[PDB]
């Protein structure tokens, strides 16, 4: 009677290597830019995260125990290749084989992503993906993992290529920590996207019979006053930075005129030069109908109010309602409507924005084949009571999102799965171990797992495909 999900739907949980894993120095792991930024530029350190390095056994058991038939995991690049390129760290490759064995032992299909914010320190410093030399090292790493790991049927290149730009060269969040460098944001996108296109082409050529794809963060951008041509334009140009430039490269194998018209405008008003090449478009063009699936990482929508003035961005990493500021010259300013609910980090809780993006991708690019919601959830300071957590809050947010998932499907969108973030509690980039997102509460002091109320909820959802 209520919204109901496909029988064959995958009800998974997602995780990330450098957040869950642990053992940063333990067993051959090479360094990453995070190891320092968290220390000097922050307070808390990734050690011991959620001890996934040794605890995967309990987690996959619990996942299977509560109806989780899919799990997002990422191969820590620095683990396989300590420096980024060269001699393989036999110990690293081992762990990953053992991790997957448990996956199949447990009946939780692994969806593996290669790069998830962990570019090996050395390569990161040497330009990351703004240095074409590094594009090859990635191409090698991908090539390698493809050959080494036959257990994995689902592969993914990059997780959140847009945010990687947003955080490193625009909102200065992640290391390096640059600000307002839109030429870099666009450049980063082109280079990182080319890297993926070359991975996807190689996978197909080599013959592997699995499924390669991408995981894009797609926060819907709406004009503050739809009747306002300026604001409508504000959202046009805001969407072009975080979403359209990337999605184009992915499915058209080039950037259409609107995207260019706008990218040229941004860089006019903000200054910048871009290095785009025929070979990049030859590579991008060759892989536009090879992606097997599309990974949509949706959390919220933004409202843009076209407004002149100098550019300024204030990131709310501490969680202070309204401390967030964002304005870009030649674009507009984000302005959150008061009718719509917010969390302490100023993330809007707007489900329809999801459905809207699903339809946006579906109509703009038919060739998408299928969709997977590879990320979505709500993180706050959960309270441990009765050695559980009465997170009725989370259930409500996630439920609403799943409700419109039914709608998008019913209305033609080919969405085949959901991955709540995270499976169990993990370390947070901007918030440390305070922003709990998982279905299972991890007592970080004892690395214990206690299933929260959302787990038992999720189960009956997973085994009845009835949202209620």
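Residue numbers count along the first chain shown, from 1.
Colleague: Going by the mean C-alpha B-factor recorded in the entry, which is higher: 12-20 or 446-454?
Modeller: Result: 446-454.
Colleague: So which stretch wins on mean C-alpha B-factor, 411-419 or 39-47?
Modeller: Comparing averages over the C-alpha atoms only gives 39-47.
Colleague: Highest recorded C-alpha temperature factor, please, choosing from 387, 220, 367, 327.
Modeller: Highest C-alpha B-factor among the listed residues goes to 387.
Colleague: I'd like to know which of 149, 155, 307, 350 has the highest C-alpha temperature factor in the PDB entry.
Modeller: Spelled out: the listed residue with the top C-alpha B-factor is 307.
Colleague: What third of the chain, by the recorded C-alpha B-factor, contains residue 106?
Modeller: CA B-factor rank for residue 106: middle third.
Colleague: Splitting the chain's C-alpha B-factors into thirds, which one does residue 114 fall into?
Modeller: Answer is lowest: the recorded C-alpha B-factor places it there.
Colleague: Going by the recorded CA B-factors, say which third of the chain residue 85 sits in, lowest, middle or highest.
Modeller: It falls in the top third of the chain.
Colleague: What third of its chain's C-alpha B-factors does residue 196 belong to: lowest, middle or highest?
Modeller: According to the entry, residue 196 has a C-alpha B-factor in the chain's lowest third.
Colleague: Using the temperature factors of the C-alpha atoms in this entry, rank residue 440 within its chain: lowest, middle or highest third.
Modeller: For residue 440, the deposited C-alpha B-factor lands in the lowest third.
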